[PDB]
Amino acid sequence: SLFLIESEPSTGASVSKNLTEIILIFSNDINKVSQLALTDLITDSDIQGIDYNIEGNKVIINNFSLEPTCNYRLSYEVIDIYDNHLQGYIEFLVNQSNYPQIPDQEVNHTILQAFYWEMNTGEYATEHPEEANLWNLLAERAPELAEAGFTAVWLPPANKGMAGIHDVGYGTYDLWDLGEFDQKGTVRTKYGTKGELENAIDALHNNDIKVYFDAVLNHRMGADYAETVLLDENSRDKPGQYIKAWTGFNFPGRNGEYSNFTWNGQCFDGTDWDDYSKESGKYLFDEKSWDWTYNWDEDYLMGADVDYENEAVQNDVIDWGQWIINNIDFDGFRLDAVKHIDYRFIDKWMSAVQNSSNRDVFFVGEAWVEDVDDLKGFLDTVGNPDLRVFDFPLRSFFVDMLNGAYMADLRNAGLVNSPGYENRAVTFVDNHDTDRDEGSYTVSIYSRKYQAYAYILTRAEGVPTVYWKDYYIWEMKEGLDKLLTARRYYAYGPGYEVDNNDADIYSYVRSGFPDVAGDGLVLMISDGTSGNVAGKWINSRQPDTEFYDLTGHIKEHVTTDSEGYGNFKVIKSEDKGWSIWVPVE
């Protein structure tokens, strides 16, 4: 049978105006190109003078000059060497060549989460062998990340873990070992050596990208030795019994470099394992008490739980934080498991790290709380103005969207829409805990993920985060790059809600800056599935302005009236139900 196998560009692509040829690859050798047209779809004009050449089953089309922002269709009728006839087309959109000029200081911030759970395991190791040396890879990719519009990267925990080269990083053994010391069976971490990390940091900084460390302060695992420890009469399990606890940490590979501190049972509140009875439990050590947490009795999670009421422990961990920023040159932190760490300590540590340098250190906590009011309460309780948090509440709306949501409610969803707290939201769609292959803790955003990204990337509040697995592994880069273009160049000025959202369509307006030519956008997203194009009458805040859809989805322009209104459009499908309208000029 005669069909098109592939094309370069693929249908629906955004391409540079510098593109010189279109390649069509057919299933059979081609005898004739009967008909061929490259049509500018906005003006409905066929481009004169295009040429083609046949090479076996390939047709190469060239001799054209593409116009930035224009939507094109290449239509063909071919005849193969068996006399089969095939009529078809591809469509593509040309990138803008002259973008709005946003002052460097006002450019939007966007984070890349630069890892996932299964990196360099199983089939991912075979298919993406470059990920066997993540720090080297990030150094190699820094220019492309910067070009894409990322301004910060969140690294996986970069210190040594209990599982050595296999640890994703959360099995914290030694904070002071960044892949420098022979500990846990390896000198490097999963990601590389300390020197490779420092090379990555310097390469990322060379491209004006900030670097955040994933700090895991709650627990320690992989103790060097076990101790006999009496449990408190207040212990939930085995009160008043001796257990054998893995609480001895002396870091013999490191041999005291950077910090002479060593850990024993007096540095921990408790543990979940007794090596005598070989029984799990929740064991509180004699004379210890669980630290103050937002929710009652949430200090214990796993491992040997750090006692942040111990002053020597506090001092070492504060020293470590200061080291990471001032000596290792990080720009901020993700605080893992933040709700399980003494809130007094979190506040004191943050302020001590912030106060140690003139650099404005970024902090985001992972407080897995899906109710907005509960998450506001958490923030209120830690009381540190610099603490941002991941917007798990907003992500709950994306989970709703999987089988259909009431889309107008995106006006009010999430911490990012909570008055007084919007600027402390770090918005996201998935991460290494919500999108993993096995042993995920929730369902992933397996449908309508683009819509979710479009929503967080165009918003005037919050700092959005892109997940490496989505961008590089699930191969959503091509679509995400369009959204990142929107954010980098267009998503500026105040944000406005609209008055005609409904069950299936949410729209949103960024007016642009009054002193920047050509910025601003109209977002339309939908959870509809009827497969039709739908419109909404929206006030763009840009009178008498022509807009185009930078996603390539709608092959029309919208020209607003003297009051700024136009009929902006979106396709009602899962796959293509987002559009971002931006000025043509």
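All residue numbers refer to positions in the sequence shown, first residue = 1.
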item	value
Segment of higher mean CA temperature factor, 72-80 or 375-383	72-80
Stretch with the higher entry mean CA B-factor, where the candidates are 313-321 and 437-445	437-445
Highest recorded Cα temperature factor - choice among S351, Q451, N431, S357	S357
Highest recorded Cα temperature factor - choice among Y99, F345, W368, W296	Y99
Third of chain Cα B-factors occupied by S259	middle
Third of the chain's Cα B-factor distribution that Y124 belongs to, per the entry	highest
Third of chain Cα B-factors occupied by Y472	middle
Third assignment of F3 from its chain's C-alpha B-factors	highest
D214 - Cα temperature factor, lowest/middle/highest third of chain	lowest
